[PDB]
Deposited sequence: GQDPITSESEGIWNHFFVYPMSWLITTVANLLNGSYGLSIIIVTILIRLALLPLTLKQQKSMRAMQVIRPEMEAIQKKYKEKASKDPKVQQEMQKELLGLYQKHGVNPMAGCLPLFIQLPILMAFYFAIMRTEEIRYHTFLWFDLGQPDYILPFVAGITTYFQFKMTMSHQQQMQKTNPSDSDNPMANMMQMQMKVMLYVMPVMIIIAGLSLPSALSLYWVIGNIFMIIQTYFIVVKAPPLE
């Protein structure tokens, strides 16, 4: 018989990722008399409240790295001039970089974790929208939640822009966040069901309030 690695792995994804997300959306919607629009909004906010402790930690550490930015980049500026031909040179560089982090308790390769948790949440949400048949053509405002929309992805891009601008108020990486990021969202949004763009908008608005 065919190898069960395919069905079982997909079974895990469907039952423990897709289904709980789908169940959460429909339950709230049924409590709101079939309002799948308000459900997605509420659920998105609920998801944010769960990520909040992890979100706050990622923000606190990001501020710490901003204190180190003059110091660590000076080390990398230093070793950029030195001859990197010797493996022992790179080691001494590692000792300096580590000593900086140890003096503060900061840890690199950490805080880049929440960037990885947004993906399966987004993916489970995406499949929940696709597989919940009563969401497919449920119109909300001017768009069907299961269908692609023209206008909404632009709103998701605009809110993403202002979410970043408010953060920087509260230069290469800045142009990546302010310019590159919103365009990626619009392009992705136009290729995905409007429920995804709504999800992104609510999340952005939440983060905007969360900063203020």
>> If I number the deposited sequence starting at 1, which residue ranges have no C-alpha coordinates at all?
In response: 171-190, 233-242
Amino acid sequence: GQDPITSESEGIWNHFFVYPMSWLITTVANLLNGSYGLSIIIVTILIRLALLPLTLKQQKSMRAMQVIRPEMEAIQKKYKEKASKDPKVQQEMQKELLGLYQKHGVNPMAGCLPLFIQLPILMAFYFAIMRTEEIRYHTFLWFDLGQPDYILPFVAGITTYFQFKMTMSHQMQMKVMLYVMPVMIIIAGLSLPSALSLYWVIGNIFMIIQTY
From here on, numbers count along this sequence of modelled residues.
>> Quick check on the record: does 49-57 or 28-36 carry the larger mean Cα temperature factor?
In response: 49-57
> Do the CA atoms of 123-131 or those of 86-94 have the higher mean B-factor in the entry?
Replying inline: 86-94
>> By the CA temperature factor listed in this entry, which of these ranks top: 186, 177, 145, 168?
In response: 168
>> By the recorded C-alpha temperature factor, relative to the other modelled residues in its chain, which third is residue 136 in?
In response: middle
